[PDB]
file final39.pdb (PDB, C-alpha atoms)
MODEL        1
ATOM      1  CA  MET T   1     158.824 -51.758  18.592  1.00  0.00           C
ATOM      2  CA  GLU T   2     159.307 -54.821  16.520  1.00  0.00           C
ATOM      3  CA  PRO T   3     162.772 -55.880  15.280  1.00  0.00           C
ATOM      4  CA  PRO T   4     162.949 -55.334  11.482  1.00  0.00           C
ATOM      5  CA  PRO T   5     164.771 -58.205   9.689  1.00  0.00           C
ATOM      6  CA  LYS T   6     168.349 -57.757   8.557  1.00  0.00           C
ATOM      7  CA  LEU T   7     169.211 -58.778   5.071  1.00  0.00           C
ATOM      8  CA  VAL T   8     171.229 -61.903   5.415  1.00  0.00           C
ATOM      9  CA  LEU T   9     172.993 -62.877   2.242  1.00  0.00           C
ATOM     10  CA  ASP T  10     174.384 -66.350   1.911  1.00  0.00           C
ATOM     11  CA  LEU T  11     177.911 -66.016   0.621  1.00  0.00           C
ATOM     12  CA  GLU T  12     178.334 -69.671  -0.181  1.00  0.00           C
ATOM     13  CA  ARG T  13     175.132 -69.662  -2.191  1.00  0.00           C
ATOM     14  CA  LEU T  14     176.576 -66.601  -3.900  1.00  0.00           C
ATOM     15  CA  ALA T  15     179.723 -68.580  -4.702  1.00  0.00           C
ATOM     16  CA  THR T  16     177.543 -70.962  -6.678  1.00  0.00           C
ATOM     17  CA  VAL T  17     176.103 -67.985  -8.592  1.00  0.00           C
ATOM     18  CA  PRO T  18     177.895 -67.129 -11.917  1.00  0.00           C
ATOM     19  CA  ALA T  19     180.594 -64.393 -11.707  1.00  0.00           C
ATOM     20  CA  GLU T  20     178.614 -62.181 -14.131  1.00  0.00           C
ATOM     21  CA  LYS T  21     176.586 -60.856 -11.220  1.00  0.00           C
ATOM     22  CA  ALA T  22     178.051 -62.673  -8.262  1.00  0.00           C
ATOM     23  CA  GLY T  23     181.622 -61.451  -8.814  1.00  0.00           C
ATOM     24  CA  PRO T  24     181.073 -57.752  -7.814  1.00  0.00           C
ATOM     25  CA  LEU T  25     179.112 -58.878  -4.719  1.00  0.00           C
ATOM     26  CA  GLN T  26     181.647 -61.571  -3.799  1.00  0.00           C
ATOM     27  CA  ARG T  27     184.203 -58.785  -3.837  1.00  0.00           C
ATOM     28  CA  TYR T  28     181.997 -56.381  -1.881  1.00  0.00           C
ATOM     29  CA  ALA T  29     181.303 -59.001   0.786  1.00  0.00           C
ATOM     30  CA  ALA T  30     184.936 -60.097   0.995  1.00  0.00           C
ATOM     31  CA  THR T  31     186.111 -56.540   1.427  1.00  0.00           C
ATOM     32  CA  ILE T  32     183.554 -55.730   4.131  1.00  0.00           C
ATOM     33  CA  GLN T  33     184.261 -58.953   5.993  1.00  0.00           C
ATOM     34  CA  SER T  34     188.029 -58.702   5.846  1.00  0.00           C
ATOM     35  CA  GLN T  35     188.001 -55.125   7.112  1.00  0.00           C
ATOM     36  CA  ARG T  36     185.536 -55.934   9.919  1.00  0.00           C
ATOM     37  CA  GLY T  37     187.477 -59.004  10.958  1.00  0.00           C
ATOM     38  CA  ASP T  38     184.842 -61.585  10.025  1.00  0.00           C
ATOM     39  CA  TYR T  39     183.077 -64.159  12.074  1.00  0.00           C
ATOM     40  CA  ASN T  40     180.332 -64.638   9.546  1.00  0.00           C
ATOM     41  CA  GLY T  41     181.963 -66.691   6.808  1.00  0.00           C
ATOM     42  CA  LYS T  42     178.835 -68.247   5.330  1.00  0.00           C
ATOM     43  CA  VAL T  43     176.362 -65.408   5.785  1.00  0.00           C
ATOM     44  CA  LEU T  44     176.721 -61.656   5.612  1.00  0.00           C
ATOM     45  CA  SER T  45     174.113 -59.492   7.172  1.00  0.00           C
ATOM     46  CA  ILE T  46     173.524 -56.023   5.800  1.00  0.00           C
ATOM     47  CA  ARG T  47     170.864 -53.377   6.275  1.00  0.00           C
ATOM     48  CA  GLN T  48     167.803 -52.725   4.119  1.00  0.00           C
ATOM     49  CA  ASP T  49     169.098 -49.265   3.330  1.00  0.00           C
ATOM     50  CA  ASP T  50     172.621 -50.640   2.923  1.00  0.00           C
ATOM     51  CA  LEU T  51     171.279 -52.872   0.139  1.00  0.00           C
ATOM     52  CA  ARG T  52     170.713 -49.730  -1.945  1.00  0.00           C
ATOM     53  CA  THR T  53     174.477 -49.361  -2.175  1.00  0.00           C
ATOM     54  CA  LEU T  54     174.641 -52.584  -4.190  1.00  0.00           C
ATOM     55  CA  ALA T  55     171.966 -51.312  -6.556  1.00  0.00           C
ATOM     56  CA  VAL T  56     174.299 -48.444  -7.440  1.00  0.00           C
ATOM     57  CA  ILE T  57     177.271 -50.766  -7.938  1.00  0.00           C
ATOM     58  CA  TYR T  58     175.548 -53.077 -10.394  1.00  0.00           C
ATOM     59  CA  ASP T  59     173.490 -50.219 -11.789  1.00  0.00           C
ATOM     60  CA  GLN T  60     170.162 -51.867 -11.116  1.00  0.00           C
ATOM     61  CA  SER T  61     166.896 -50.566  -9.809  1.00  0.00           C
ATOM     62  CA  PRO T  62     166.394 -51.376  -6.029  1.00  0.00           C
ATOM     63  CA  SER T  63     163.194 -53.293  -6.836  1.00  0.00           C
ATOM     64  CA  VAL T  64     164.873 -55.575  -9.419  1.00  0.00           C
ATOM     65  CA  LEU T  65     168.007 -55.743  -7.281  1.00  0.00           C
ATOM     66  CA  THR T  66     166.033 -57.070  -4.302  1.00  0.00           C
ATOM     67  CA  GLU T  67     164.398 -59.692  -6.544  1.00  0.00           C
ATOM     68  CA  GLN T  68     167.812 -60.761  -7.855  1.00  0.00           C
ATOM     69  CA  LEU T  69     169.115 -61.878  -4.457  1.00  0.00           C
ATOM     70  CA  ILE T  70     165.818 -63.626  -3.817  1.00  0.00           C
ATOM     71  CA  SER T  71     165.890 -65.287  -7.238  1.00  0.00           C
ATOM     72  CA  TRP T  72     169.455 -66.587  -6.759  1.00  0.00           C
ATOM     73  CA  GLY T  73     168.437 -67.890  -3.354  1.00  0.00           C
ATOM     74  CA  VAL T  74     170.993 -65.711  -1.642  1.00  0.00           C
ATOM     75  CA  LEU T  75     168.198 -63.891   0.131  1.00  0.00           C
ATOM     76  CA  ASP T  76     164.703 -64.958   1.113  1.00  0.00           C
ATOM     77  CA  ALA T  77     161.477 -63.399  -0.159  1.00  0.00           C
ATOM     78  CA  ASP T  78     160.483 -63.294   3.485  1.00  0.00           C
ATOM     79  CA  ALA T  79     162.710 -60.194   3.662  1.00  0.00           C
ATOM     80  CA  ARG T  80     160.311 -58.277   1.315  1.00  0.00           C
ATOM     81  CA  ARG T  81     158.015 -57.512   4.264  1.00  0.00           C
ATOM     82  CA  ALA T  82     160.799 -55.323   5.652  1.00  0.00           C
ATOM     83  CA  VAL T  83     161.379 -53.496   2.370  1.00  0.00           C
ATOM     84  CA  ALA T  84     157.720 -52.601   2.162  1.00  0.00           C
ATOM     85  CA  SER T  85     157.106 -49.874   4.686  1.00  0.00           C
ATOM     86  CA  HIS T  86     153.333 -50.084   4.291  1.00  0.00           C
ATOM     87  CA  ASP T  87     151.157 -52.210   2.056  1.00  0.00           C
ATOM     88  CA  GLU T  88     149.162 -50.343  -0.565  1.00  0.00           C
ATOM     89  CA  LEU T  89     149.049 -46.759   0.699  1.00  0.00           C
TER      90      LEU T  89
ENDMDL
END

call {"tool": "encode", "arguments": {"input": "final39.pdb", "output": "structure tokens"}}
result
Amino acid sequence: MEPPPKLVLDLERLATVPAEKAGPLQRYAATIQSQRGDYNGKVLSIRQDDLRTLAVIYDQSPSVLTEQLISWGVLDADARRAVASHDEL
């Protein structure tokens, strides 16, 4: 039983990302944090399955959505090994 990585999104990195795509997420994160209490500030950690929620919000395919966060540097590509349940088939 190995601990699967959580998706840690850097909120400050996200603040440096243009509002076109960052805005909705900056709002999402702020709302989650404020209602939880917040002791994260810089980094928000969500679930792999919880990431699919964001795909709906921006109306993006999960695959492309995952690559977005990685591309912006808000998430690491190291997380991809958790998204993939099994390599190949």

call {"tool": "resolve_selection", "arguments": {"input": "final39.pdb", "expression": "the PyMOL selection byres ((chain T and resi 28-45) around 10)", "output": "mmCIF file with C-alpha atoms, in the frame of the given file"}}
result
data_model
loop_
_atom_site.group_PDB
_atom_site.id
_atom_site.type_symbol
_atom_site.label_atom_id
_atom_site.label_comp_id
_atom_site.auth_asym_id
_atom_site.auth_seq_id
_atom_site.Cartn_x
_atom_site.Cartn_y
_atom_site.Cartn_z
ATOM 1 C CA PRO T 5 164.771 -58.205 9.689
ATOM 2 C CA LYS T 6 168.349 -57.757 8.557
ATOM 3 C CA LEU T 7 169.211 -58.778 5.071
ATOM 4 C CA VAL T 8 171.229 -61.903 5.415
ATOM 5 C CA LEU T 9 172.993 -62.877 2.242
ATOM 6 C CA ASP T 10 174.384 -66.350 1.911
ATOM 7 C CA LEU T 11 177.911 -66.016 0.621
ATOM 8 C CA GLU T 12 178.334 -69.671 -0.181
ATOM 9 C CA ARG T 13 175.132 -69.662 -2.191
ATOM 10 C CA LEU T 14 176.576 -66.601 -3.900
ATOM 11 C CA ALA T 22 178.051 -62.673 -8.262
ATOM 12 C CA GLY T 23 181.622 -61.451 -8.814
ATOM 13 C CA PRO T 24 181.073 -57.752 -7.814
ATOM 14 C CA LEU T 25 179.112 -58.878 -4.719
ATOM 15 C CA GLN T 26 181.647 -61.571 -3.799
ATOM 16 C CA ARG T 27 184.203 -58.785 -3.837
ATOM 17 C CA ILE T 46 173.524 -56.023 5.800
ATOM 18 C CA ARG T 47 170.864 -53.377 6.275
ATOM 19 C CA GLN T 48 167.803 -52.725 4.119
ATOM 20 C CA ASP T 50 172.621 -50.640 2.923
ATOM 21 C CA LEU T 54 174.641 -52.584 -4.190
ATOM 22 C CA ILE T 57 177.271 -50.766 -7.938
ATOM 23 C CA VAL T 74 170.993 -65.711 -1.642
#

call {"tool": "residues_around", "arguments": {"input": "final39.pdb", "residues": "region 80-85 of chain T", "least_positions_apart": "2", "cutoff": "12 Å", "atoms": "all atoms listed in the file", "output": "ChimeraX atom specification"}}
result
/T:2-7,47-52,62-67,69-70,75-78,87-89

call {"tool": "closest_residue", "arguments": {"input": "final39.pdb", "among": "T:86, T:15, T:56, T:1", "to": "residue 72 (chain T)", "atoms": "all atoms listed in the file"}}
result
T:15
